[PDB]
$ cat run33.txt   # compact mmCIF, N, CA and C atoms and all ligand atoms
# COMPACT_ATOMS: atom_id res chain seq x y z
N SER A 1 15.55 -128.67 54.44
CA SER A 1 15.00 -129.58 53.43
C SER A 1 15.32 -129.11 52.01
N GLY A 2 15.14 -129.98 51.01
CA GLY A 2 15.37 -129.63 49.61
C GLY A 2 15.87 -130.80 48.80
N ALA A 3 15.67 -130.73 47.52
CA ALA A 3 16.07 -131.81 46.62
C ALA A 3 16.52 -131.26 45.27
N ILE A 4 17.22 -132.11 44.50
CA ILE A 4 17.53 -131.80 43.10
C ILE A 4 16.56 -132.63 42.26
N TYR A 5 15.94 -132.03 41.25
CA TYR A 5 15.01 -132.77 40.38
C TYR A 5 15.58 -132.76 38.97
N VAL A 6 16.25 -133.86 38.57
CA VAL A 6 16.89 -133.97 37.25
C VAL A 6 16.32 -135.21 36.57
N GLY A 7 15.82 -135.04 35.33
CA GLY A 7 15.22 -136.19 34.63
C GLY A 7 14.08 -136.79 35.44
N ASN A 8 14.11 -138.13 35.59
CA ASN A 8 13.14 -138.81 36.45
C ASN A 8 13.78 -139.23 37.79
N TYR A 9 14.66 -138.38 38.31
CA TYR A 9 15.34 -138.65 39.59
C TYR A 9 15.10 -137.50 40.57
N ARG A 10 15.01 -137.84 41.85
CA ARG A 10 14.95 -136.91 42.99
C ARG A 10 16.15 -137.20 43.88
N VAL A 11 17.06 -136.22 44.04
CA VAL A 11 18.29 -136.37 44.84
C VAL A 11 18.10 -135.66 46.16
N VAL A 12 18.18 -136.39 47.28
CA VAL A 12 17.97 -135.81 48.62
C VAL A 12 19.06 -136.22 49.55
N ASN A 13 19.14 -135.56 50.74
CA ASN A 13 20.08 -136.01 51.77
C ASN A 13 19.53 -137.38 52.24
N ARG A 14 20.41 -138.38 52.37
CA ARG A 14 19.95 -139.71 52.81
C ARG A 14 19.25 -139.63 54.17
N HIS A 15 19.77 -138.73 55.06
CA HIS A 15 19.19 -138.65 56.40
C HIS A 15 17.79 -138.00 56.44
N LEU A 16 17.37 -137.33 55.35
CA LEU A 16 16.05 -136.72 55.21
C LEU A 16 15.11 -137.49 54.26
N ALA A 17 15.55 -138.65 53.74
CA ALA A 17 14.70 -139.42 52.83
C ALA A 17 13.39 -139.88 53.46
N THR A 18 12.31 -139.82 52.66
CA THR A 18 10.97 -140.23 53.14
C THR A 18 10.71 -141.73 52.87
N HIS A 19 9.58 -142.27 53.37
CA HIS A 19 9.21 -143.63 53.07
C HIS A 19 9.00 -143.78 51.56
N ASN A 20 8.37 -142.77 50.90
CA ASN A 20 8.18 -142.89 49.46
C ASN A 20 9.54 -142.96 48.73
N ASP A 21 10.56 -142.17 49.20
CA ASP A 21 11.89 -142.28 48.61
C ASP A 21 12.46 -143.72 48.74
N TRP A 22 12.38 -144.31 49.93
CA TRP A 22 12.91 -145.67 50.15
C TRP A 22 12.12 -146.74 49.34
N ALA A 23 10.80 -146.50 49.13
CA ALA A 23 9.97 -147.43 48.37
C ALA A 23 10.16 -147.30 46.85
N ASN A 24 10.85 -146.23 46.40
CA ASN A 24 11.12 -145.99 44.95
C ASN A 24 12.62 -145.74 44.78
N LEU A 25 13.44 -146.47 45.50
CA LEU A 25 14.87 -146.25 45.57
C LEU A 25 15.61 -146.57 44.28
N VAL A 26 16.52 -145.69 43.87
CA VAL A 26 17.43 -145.95 42.73
C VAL A 26 18.84 -146.26 43.31
N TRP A 27 19.35 -145.43 44.25
CA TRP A 27 20.72 -145.58 44.76
C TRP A 27 20.84 -144.85 46.08
N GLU A 28 21.66 -145.34 47.00
CA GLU A 28 21.91 -144.63 48.25
C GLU A 28 23.32 -144.90 48.73
N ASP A 29 23.92 -143.94 49.41
CA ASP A 29 25.27 -144.11 49.93
C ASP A 29 25.40 -143.31 51.23
N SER A 30 25.44 -144.04 52.36
CA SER A 30 25.55 -143.44 53.67
C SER A 30 26.83 -142.63 53.83
N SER A 31 27.96 -143.11 53.28
CA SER A 31 29.23 -142.37 53.40
C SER A 31 29.21 -140.99 52.75
N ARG A 32 28.30 -140.77 51.79
CA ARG A 32 28.14 -139.49 51.08
C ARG A 32 26.92 -138.70 51.56
N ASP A 33 26.06 -139.28 52.42
CA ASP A 33 24.78 -138.70 52.80
C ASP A 33 23.86 -138.42 51.60
N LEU A 34 23.85 -139.33 50.62
CA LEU A 34 22.99 -139.12 49.44
C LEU A 34 22.02 -140.28 49.24
N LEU A 35 20.85 -139.98 48.69
CA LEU A 35 19.87 -140.99 48.28
C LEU A 35 19.16 -140.43 47.06
N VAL A 36 18.91 -141.31 46.07
CA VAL A 36 18.21 -140.95 44.84
C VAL A 36 17.01 -141.84 44.67
N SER A 37 15.84 -141.27 44.44
CA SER A 37 14.60 -142.01 44.19
C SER A 37 14.06 -141.66 42.80
N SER A 38 13.13 -142.48 42.30
CA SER A 38 12.54 -142.24 40.97
C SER A 38 11.30 -141.36 41.08
N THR A 39 11.01 -140.56 40.03
CA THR A 39 9.85 -139.69 40.03
C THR A 39 8.97 -139.96 38.81
N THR A 40 7.70 -139.65 38.94
CA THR A 40 6.76 -139.79 37.83
C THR A 40 6.93 -138.61 36.85
N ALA A 41 7.05 -137.39 37.38
CA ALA A 41 7.23 -136.18 36.56
C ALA A 41 8.72 -135.89 36.26
N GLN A 42 9.03 -135.28 35.11
CA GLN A 42 10.40 -134.91 34.75
C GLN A 42 10.75 -133.60 35.43
N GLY A 43 11.97 -133.52 35.95
CA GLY A 43 12.44 -132.30 36.60
C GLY A 43 13.19 -131.35 35.70
N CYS A 44 13.48 -130.14 36.24
CA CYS A 44 14.09 -129.04 35.46
C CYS A 44 15.53 -128.71 35.81
N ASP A 45 16.08 -129.28 36.87
CA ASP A 45 17.46 -129.00 37.21
C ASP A 45 18.39 -129.71 36.23
N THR A 46 19.52 -129.10 35.96
CA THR A 46 20.63 -129.66 35.15
C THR A 46 21.87 -129.82 36.06
N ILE A 47 22.61 -130.92 35.92
CA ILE A 47 23.79 -131.14 36.72
C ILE A 47 25.02 -130.54 36.07
N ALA A 48 25.83 -129.83 36.83
CA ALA A 48 27.10 -129.28 36.38
C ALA A 48 28.12 -130.43 36.17
N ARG A 49 28.88 -130.31 35.05
CA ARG A 49 29.93 -131.30 34.75
C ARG A 49 31.19 -130.44 34.52
N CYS A 50 31.90 -130.18 35.62
CA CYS A 50 33.00 -129.20 35.69
C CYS A 50 33.84 -129.38 36.96
N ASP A 51 34.88 -128.47 37.11
CA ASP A 51 35.68 -128.47 38.33
C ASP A 51 35.63 -127.07 39.00
N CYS A 52 34.50 -126.35 38.89
CA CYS A 52 34.33 -125.05 39.56
C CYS A 52 34.54 -125.20 41.06
N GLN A 53 35.15 -124.18 41.66
CA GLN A 53 35.35 -124.07 43.11
C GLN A 53 34.72 -122.79 43.63
N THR A 54 33.87 -122.11 42.81
CA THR A 54 33.10 -120.94 43.21
C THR A 54 31.65 -121.12 42.73
N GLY A 55 30.70 -120.72 43.53
CA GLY A 55 29.29 -120.87 43.16
C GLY A 55 28.41 -120.14 44.15
N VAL A 56 27.12 -120.51 44.15
CA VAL A 56 26.14 -119.86 45.01
C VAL A 56 25.27 -120.92 45.67
N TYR A 57 25.03 -120.82 46.99
CA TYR A 57 24.13 -121.80 47.61
C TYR A 57 22.92 -121.16 48.27
N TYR A 58 21.83 -121.92 48.42
CA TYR A 58 20.63 -121.45 49.13
C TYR A 58 20.65 -121.84 50.60
N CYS A 59 20.49 -120.81 51.44
CA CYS A 59 20.46 -120.95 52.91
C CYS A 59 19.03 -120.68 53.43
N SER A 60 18.24 -121.72 53.74
CA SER A 60 16.85 -121.54 54.18
C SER A 60 16.73 -120.78 55.50
N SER A 61 17.73 -120.90 56.42
CA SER A 61 17.70 -120.19 57.71
C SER A 61 18.00 -118.70 57.59
N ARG A 62 18.27 -118.22 56.37
CA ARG A 62 18.43 -116.78 56.07
C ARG A 62 17.52 -116.34 54.89
N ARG A 63 16.80 -117.26 54.25
CA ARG A 63 16.06 -116.95 53.00
C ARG A 63 16.95 -116.23 51.98
N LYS A 64 18.18 -116.69 51.84
CA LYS A 64 19.14 -116.01 50.98
C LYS A 64 20.03 -116.96 50.25
N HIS A 65 20.46 -116.54 49.04
CA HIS A 65 21.50 -117.21 48.26
C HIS A 65 22.83 -116.49 48.48
N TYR A 66 23.88 -117.24 48.84
CA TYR A 66 25.19 -116.66 49.12
C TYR A 66 26.23 -117.13 48.14
N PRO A 67 27.06 -116.21 47.61
CA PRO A 67 28.22 -116.64 46.80
C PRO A 67 29.32 -117.23 47.72
N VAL A 68 29.89 -118.35 47.32
CA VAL A 68 30.92 -118.99 48.16
C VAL A 68 32.03 -119.55 47.33
N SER A 69 33.23 -119.63 47.94
CA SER A 69 34.37 -120.41 47.46
C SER A 69 34.34 -121.74 48.23
N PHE A 70 34.53 -122.89 47.58
CA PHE A 70 34.43 -124.18 48.26
C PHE A 70 35.56 -125.10 47.87
N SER A 71 35.91 -126.02 48.77
CA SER A 71 37.01 -126.95 48.52
C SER A 71 36.64 -128.05 47.51
N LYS A 72 37.62 -128.76 47.00
CA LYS A 72 37.35 -129.87 46.09
C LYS A 72 36.76 -131.06 46.88
N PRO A 73 35.94 -131.92 46.26
CA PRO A 73 35.33 -133.04 46.99
C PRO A 73 36.38 -133.91 47.66
N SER A 74 36.21 -134.16 48.96
CA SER A 74 37.24 -134.83 49.75
C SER A 74 36.60 -135.65 50.88
N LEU A 75 37.47 -136.38 51.62
CA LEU A 75 37.07 -137.18 52.77
C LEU A 75 37.33 -136.29 53.99
N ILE A 76 36.27 -135.79 54.62
CA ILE A 76 36.33 -134.82 55.72
C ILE A 76 35.73 -135.40 56.99
N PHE A 77 36.33 -135.09 58.14
CA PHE A 77 35.78 -135.52 59.43
C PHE A 77 34.64 -134.57 59.81
N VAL A 78 33.48 -135.17 60.15
CA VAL A 78 32.27 -134.43 60.52
C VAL A 78 31.85 -134.83 61.93
N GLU A 79 31.56 -133.84 62.78
CA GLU A 79 31.16 -134.11 64.16
C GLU A 79 29.82 -134.83 64.21
N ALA A 80 29.57 -135.53 65.33
CA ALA A 80 28.31 -136.23 65.56
C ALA A 80 27.14 -135.28 65.48
N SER A 81 26.05 -135.78 64.91
CA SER A 81 24.80 -135.03 64.83
C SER A 81 23.67 -135.97 65.30
N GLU A 82 22.38 -135.56 65.14
CA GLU A 82 21.32 -136.51 65.51
C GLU A 82 21.16 -137.62 64.43
N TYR A 83 21.77 -137.44 63.24
CA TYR A 83 21.61 -138.43 62.15
C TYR A 83 22.82 -139.33 61.91
N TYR A 84 24.02 -138.91 62.34
CA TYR A 84 25.21 -139.73 62.15
C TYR A 84 26.16 -139.58 63.34
N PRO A 85 26.93 -140.62 63.68
CA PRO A 85 28.01 -140.45 64.68
C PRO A 85 29.13 -139.60 64.05
N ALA A 86 30.14 -139.19 64.83
CA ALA A 86 31.31 -138.47 64.29
C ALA A 86 32.02 -139.46 63.36
N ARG A 87 32.34 -139.02 62.15
CA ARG A 87 32.85 -139.95 61.14
C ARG A 87 33.43 -139.19 59.97
N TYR A 88 34.06 -139.95 59.05
CA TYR A 88 34.53 -139.38 57.81
C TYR A 88 33.38 -139.47 56.79
N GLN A 89 33.08 -138.33 56.13
CA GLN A 89 32.07 -138.27 55.06
C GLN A 89 32.85 -138.04 53.76
N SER A 90 32.53 -138.83 52.71
CA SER A 90 33.25 -138.72 51.46
C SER A 90 32.53 -137.77 50.48
N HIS A 91 33.28 -137.32 49.47
CA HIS A 91 32.81 -136.47 48.38
C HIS A 91 32.19 -135.16 48.94
N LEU A 92 32.74 -134.64 50.02
CA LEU A 92 32.21 -133.45 50.70
C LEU A 92 33.09 -132.24 50.36
N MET A 93 32.48 -131.08 50.18
CA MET A 93 33.19 -129.82 49.89
C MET A 93 32.84 -128.83 50.99
N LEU A 94 33.82 -128.09 51.52
CA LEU A 94 33.55 -127.13 52.57
C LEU A 94 33.67 -125.68 52.12
N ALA A 95 32.87 -124.82 52.72
CA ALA A 95 32.93 -123.38 52.48
C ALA A 95 32.68 -122.63 53.80
N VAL A 96 32.98 -121.34 53.84
CA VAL A 96 32.62 -120.51 54.98
C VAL A 96 31.21 -119.95 54.68
N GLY A 97 30.27 -120.24 55.58
CA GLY A 97 28.89 -119.83 55.39
C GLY A 97 28.04 -120.37 56.49
N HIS A 98 26.86 -119.74 56.62
CA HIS A 98 25.91 -120.12 57.62
C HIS A 98 25.16 -121.37 57.24
N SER A 99 25.00 -122.29 58.16
CA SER A 99 24.22 -123.44 58.00
C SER A 99 23.73 -123.84 59.40
N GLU A 100 22.48 -124.30 59.45
CA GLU A 100 21.76 -124.92 60.57
C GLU A 100 21.25 -126.29 60.08
N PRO A 101 20.88 -127.22 60.97
CA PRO A 101 20.50 -128.57 60.50
C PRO A 101 19.49 -128.61 59.36
N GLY A 102 18.42 -127.83 59.48
CA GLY A 102 17.35 -127.75 58.50
C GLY A 102 17.74 -127.08 57.19
N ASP A 103 18.96 -126.51 57.07
CA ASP A 103 19.47 -126.00 55.78
C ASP A 103 19.89 -127.13 54.84
N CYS A 104 19.99 -128.38 55.34
CA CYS A 104 20.34 -129.53 54.47
C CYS A 104 19.34 -129.61 53.33
N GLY A 105 19.84 -129.80 52.12
CA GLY A 105 19.01 -129.90 50.94
C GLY A 105 19.07 -128.69 50.04
N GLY A 106 19.55 -127.55 50.55
CA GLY A 106 19.68 -126.37 49.71
C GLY A 106 20.69 -126.59 48.60
N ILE A 107 20.41 -126.09 47.41
CA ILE A 107 21.31 -126.33 46.27
C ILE A 107 22.51 -125.41 46.23
N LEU A 108 23.68 -125.96 45.90
CA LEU A 108 24.88 -125.23 45.50
C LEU A 108 24.93 -125.32 43.96
N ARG A 109 25.15 -124.20 43.30
CA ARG A 109 25.20 -124.18 41.82
C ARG A 109 26.33 -123.31 41.36
N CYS A 110 26.75 -123.55 40.12
CA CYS A 110 27.78 -122.74 39.44
C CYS A 110 27.22 -122.35 38.06
N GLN A 111 28.07 -121.71 37.20
CA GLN A 111 27.61 -121.33 35.88
C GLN A 111 27.15 -122.53 35.00
N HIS A 112 27.60 -123.76 35.31
CA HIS A 112 27.26 -124.97 34.51
C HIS A 112 26.01 -125.73 34.97
N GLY A 113 25.52 -125.42 36.17
CA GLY A 113 24.35 -126.11 36.70
C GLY A 113 24.51 -126.45 38.18
N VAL A 114 23.76 -127.47 38.63
CA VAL A 114 23.80 -127.89 40.06
C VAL A 114 25.05 -128.66 40.39
N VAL A 115 25.72 -128.29 41.47
CA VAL A 115 26.97 -128.87 41.91
C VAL A 115 26.74 -129.88 43.03
N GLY A 116 25.81 -129.59 43.94
CA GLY A 116 25.54 -130.48 45.08
C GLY A 116 24.49 -129.90 46.01
N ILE A 117 24.37 -130.46 47.22
CA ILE A 117 23.35 -129.98 48.19
C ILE A 117 23.98 -129.84 49.55
N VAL A 118 23.49 -128.89 50.36
CA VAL A 118 23.97 -128.75 51.74
C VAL A 118 23.79 -130.08 52.48
N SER A 119 24.83 -130.51 53.20
CA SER A 119 24.84 -131.76 53.95
C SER A 119 25.38 -131.60 55.36
N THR A 120 26.30 -130.65 55.63
CA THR A 120 26.86 -130.53 57.01
C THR A 120 26.92 -129.05 57.38
N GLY A 121 27.11 -128.77 58.68
CA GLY A 121 27.27 -127.39 59.11
C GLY A 121 27.82 -127.25 60.51
N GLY A 122 27.97 -125.99 60.89
CA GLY A 122 28.42 -125.58 62.22
C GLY A 122 29.55 -124.58 62.16
N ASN A 123 29.54 -123.61 63.11
CA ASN A 123 30.55 -122.57 63.38
C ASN A 123 31.06 -121.78 62.16
N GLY A 124 30.14 -121.28 61.37
CA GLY A 124 30.47 -120.48 60.23
C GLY A 124 30.98 -121.32 59.08
N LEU A 125 30.83 -122.69 59.12
CA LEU A 125 31.16 -123.55 57.94
C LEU A 125 29.89 -124.18 57.39
N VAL A 126 29.91 -124.49 56.09
CA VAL A 126 28.80 -125.22 55.44
C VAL A 126 29.48 -126.30 54.52
N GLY A 127 29.00 -127.53 54.55
CA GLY A 127 29.56 -128.60 53.72
C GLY A 127 28.49 -129.05 52.74
N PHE A 128 28.94 -129.34 51.53
CA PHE A 128 28.05 -129.73 50.43
C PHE A 128 28.41 -131.11 49.90
N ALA A 129 27.40 -131.97 49.73
CA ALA A 129 27.60 -133.29 49.10
C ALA A 129 27.68 -133.08 47.59
N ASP A 130 28.84 -133.38 46.96
CA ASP A 130 28.99 -133.22 45.52
C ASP A 130 28.13 -134.27 44.77
N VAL A 131 27.62 -133.87 43.59
CA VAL A 131 26.91 -134.83 42.71
C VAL A 131 27.49 -134.81 41.28
N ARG A 132 28.59 -134.04 41.03
CA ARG A 132 29.11 -133.87 39.67
C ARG A 132 29.71 -135.14 39.10
N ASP A 133 30.12 -136.09 39.96
CA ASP A 133 30.68 -137.34 39.43
C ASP A 133 29.60 -138.38 39.06
N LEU A 134 28.32 -138.14 39.42
CA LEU A 134 27.21 -139.10 39.21
C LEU A 134 26.67 -138.94 37.81
N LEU A 135 27.44 -139.42 36.81
CA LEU A 135 27.10 -139.18 35.40
C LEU A 135 25.79 -139.79 34.98
N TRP A 136 25.41 -140.90 35.62
CA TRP A 136 24.16 -141.58 35.33
C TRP A 136 22.91 -140.74 35.60
N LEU A 137 23.02 -139.66 36.41
CA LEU A 137 21.84 -138.79 36.62
C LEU A 137 21.36 -138.16 35.31
N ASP A 138 22.25 -138.08 34.27
CA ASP A 138 21.90 -137.44 32.99
C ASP A 138 21.22 -138.36 32.00
N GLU A 139 20.98 -139.63 32.34
CA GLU A 139 20.38 -140.58 31.38
C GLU A 139 19.40 -141.58 32.02
N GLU A 140 18.87 -142.52 31.21
CA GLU A 140 18.06 -143.70 31.57
C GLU A 140 16.91 -143.37 32.50
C1 LIG B 201 23.53 -128.26 58.13
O1 LIG B 201 24.38 -128.90 59.09
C2 LIG B 201 24.47 -128.35 60.35
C3 LIG B 201 24.42 -126.99 60.59
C4 LIG B 201 24.68 -126.51 61.86
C5 LIG B 201 24.98 -127.37 62.88
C6 LIG B 201 25.02 -128.73 62.64
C7 LIG B 201 24.77 -129.24 61.37
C8 LIG B 201 24.95 -130.72 61.09
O2 LIG B 201 25.32 -131.44 62.27
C9 LIG B 201 23.65 -131.32 60.56
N1 LIG B 201 23.87 -132.66 60.01
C10 LIG B 201 24.93 -132.95 59.04
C11 LIG B 201 24.48 -134.28 58.45
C12 LIG B 201 25.66 -135.10 57.97
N2 LIG B 201 25.76 -135.26 56.66
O3 LIG B 201 26.49 -135.55 58.77
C13 LIG B 201 23.68 -134.92 59.58
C14 LIG B 201 23.16 -133.74 60.36
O4 LIG B 201 22.29 -133.75 61.21
ZN ZN B 202 30.86 -125.17 36.97

$ encode --input "run33.txt" --output "C-alpha cells"
Amino acid sequence: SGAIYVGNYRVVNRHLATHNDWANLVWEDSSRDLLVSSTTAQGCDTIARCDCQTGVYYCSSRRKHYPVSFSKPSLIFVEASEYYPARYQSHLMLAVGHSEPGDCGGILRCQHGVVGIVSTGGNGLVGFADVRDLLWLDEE
C-alpha cells in the first residue's frame, strides 16, 4: 500500500483504490495502473520534473529504502496477477529489486522529488508507474 500526496491530490495504484477514492475521482487510467482522487488537506510530496534513471524506492516487505537504476517509461508486458490479466502496461519503468504484491504504492524518488510508485513485481524485478509527465498534479 501507499500513496503520493501532492497539493490537493492523492495518487494511488488504480487496483488499490478505495470507495472514497472512486467517489472523489479526478483521473484514472487502467493502462498505467494509476488513479488520482481529491483531498481536503494539502500534501507535502513534490513531483520530480526530470529524466533521472537513478533513485531510491521504499520496499514495505523489507522495511527498507533501496537505491536503484531504472529504465525509461515504456510499454512493458506484465504477467497476470489477481488484479489484471497478462497485458501491456504503459509508462512503466523497471529495475532489479525486491517486490511482493503488497509493496505496490511505495514511492520511487530522485534528487528532484517523487518519480512514481511501485506497480509490478516478481523474480528480483520491481516496476514503477511513472508520474513525471502528469504536469497538472502541480496546479489547480
Ligand atoms: C508488486 O508486484 C508484484 C510483486 C511480486 C509478485 C507479483 C507482483 C505483481 O503481480 C502484483 N501486481 C502488479 C499490478 C499491475 N500493475 O499489474 C497488479 C498486481 O497484483
Ligand atoms: Zn530527478

$ residues_near_ligand --input "run33.txt" --ligand "ligand ZN 202 (chain B)" --cutoff "7 Å" --atoms "only C-alpha atoms and all ligand atoms" --output "mmCIF file with N, CA and C atoms, keeping the file's coordinate frame"
data_model
loop_
_atom_site.group_PDB
_atom_site.id
_atom_site.type_symbol
_atom_site.label_atom_id
_atom_site.label_comp_id
_atom_site.auth_asym_id
_atom_site.auth_seq_id
_atom_site.Cartn_x
_atom_site.Cartn_y
_atom_site.Cartn_z
ATOM 1 N N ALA A 48 25.830 -129.830 36.830
ATOM 2 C CA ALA A 48 27.100 -129.280 36.380
ATOM 3 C C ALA A 48 28.120 -130.430 36.170
ATOM 4 N N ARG A 49 28.880 -130.310 35.050
ATOM 5 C CA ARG A 49 29.930 -131.300 34.750
ATOM 6 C C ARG A 49 31.190 -130.440 34.520
ATOM 7 N N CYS A 50 31.900 -130.180 35.620
ATOM 8 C CA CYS A 50 33.000 -129.200 35.690
ATOM 9 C C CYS A 50 33.840 -129.380 36.960
ATOM 10 N N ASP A 51 34.880 -128.470 37.110
ATOM 11 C CA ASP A 51 35.680 -128.470 38.330
ATOM 12 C C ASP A 51 35.630 -127.070 39.000
ATOM 13 N N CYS A 52 34.500 -126.350 38.890
ATOM 14 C CA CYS A 52 34.330 -125.050 39.560
ATOM 15 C C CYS A 52 34.540 -125.200 41.060
ATOM 16 N N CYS A 110 26.750 -123.550 40.120
ATOM 17 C CA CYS A 110 27.780 -122.740 39.440
ATOM 18 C C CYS A 110 27.220 -122.350 38.060
ATOM 19 N N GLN A 111 28.070 -121.710 37.200
ATOM 20 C CA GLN A 111 27.610 -121.330 35.880
ATOM 21 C C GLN A 111 27.150 -122.530 35.000
ATOM 22 N N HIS A 112 27.600 -123.760 35.310
ATOM 23 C CA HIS A 112 27.260 -124.970 34.510
ATOM 24 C C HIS A 112 26.010 -125.730 34.970
ATOM 25 N N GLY A 113 25.520 -125.420 36.170
ATOM 26 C CA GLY A 113 24.350 -126.110 36.700
ATOM 27 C C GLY A 113 24.510 -126.450 38.180
#

$ closest_residue --input "run33.txt" --among "A:37, A:31, A:18, A:54" --to "ligand LIG 201 (chain B)" --atoms "only C-alpha atoms and all ligand atoms"
A:31

$ closest_atom_pairs --input "run33.txt" --of "chain A" --to "ligand LIG 201 (chain B)" --cutoff "6 Å" --atoms "only N, CA and C atoms and all ligand atoms" --output "tab-separated table"
residue	atom	partner	partner_atom	distance
A:33	CA	B:LIG201	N2	5.3
A:79	C	B:LIG201	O2	6.0
A:80	C	B:LIG201	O2	5.3
A:81	CA	B:LIG201	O2	4.4
A:82	N	B:LIG201	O4	4.3
A:83	N	B:LIG201	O4	4.2
A:84	N	B:LIG201	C13	4.9
A:99	C	B:LIG201	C3	3.4
A:100	C	B:LIG201	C3	3.3
A:101	N	B:LIG201	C3	3.6
A:102	N	B:LIG201	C1	5.3
A:103	N	B:LIG201	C1	5.0
A:104	N	B:LIG201	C1	4.5
A:118	C	B:LIG201	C1	5.9
A:119	C	B:LIG201	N2	3.9
A:120	C	B:LIG201	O1	3.1
A:121	N	B:LIG201	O1	2.8
A:122	N	B:LIG201	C4	3.5
A:123	N	B:LIG201	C4	5.8

$ closest_residue --input "run33.txt" --among "A:92, A:77, A:6, A:109" --to "residue 129 of chain A" --atoms "only N, CA and C atoms"
A:92

$ atom_distance --input "run33.txt" --atom1 "atom CA of residue 45 of chain A" --atom2 "atom N of residue 26 of chain A"
18.0 Å

$ atom_distance --input "run33.txt" --atom1 "atom CA of residue 117 of chain A" --atom2 "atom CA of residue 23 of chain A"
22.0 Å

$ atom_distance --input "run33.txt" --atom1 "atom C of residue 29 of chain A" --atom2 "atom C of residue 133 of chain A"
13.8 Å

$ residues_around --input "run33.txt" --residues "residue 2 of chain A" --least-positions-apart "2" --cutoff "5 Å" --atoms "all atoms listed in the file" --output "list in words"
residues 4, 104, 105 and 106 of chain A

$ residues_around --input "run33.txt" --residues "residue 128 of chain A" --least-positions-apart "6" --cutoff "12 Å" --atoms "only C-alpha atoms" --output "PyMOL selection string"
chain A and resi 12-13+32-34+53+55-59+68-76+78+89-97+99+103-109+114-121

$ closest_residue --input "run33.txt" --among "A:41, A:98, A:47, A:8" --to "residue 140 of chain A" --atoms "only C-alpha atoms"
A:8

$ select_by_dssp --input "run33.txt" --residues "chain A" --states "strand (DSSP E or B)" --output "PyMOL selection string"
chain A and resi 4-13+25-29+34-44+47+54-59+64-69+74-78+87-96+107-110+113-122+125-130

$ closest_residue --input "run33.txt" --among "A:36, A:30, A:24, A:19" --to "residue 88 of chain A" --atoms "all atoms listed in the file"
A:30

$ select_by_dssp --input "run33.txt" --residues "chain A" --states "helix (DSSP H, G or I)" --output "ChimeraX atom specification"
/A:14-16,19-23,30-32,101-103,135-138

$ residues_around --input "run33.txt" --residues "residue 22 of chain A" --least-positions-apart "5" --cutoff "10 Å" --atoms "only C-alpha atoms" --output "list in words"
residues 14, 17, 27, 28, 35, 36, 37 and 38 of chain A
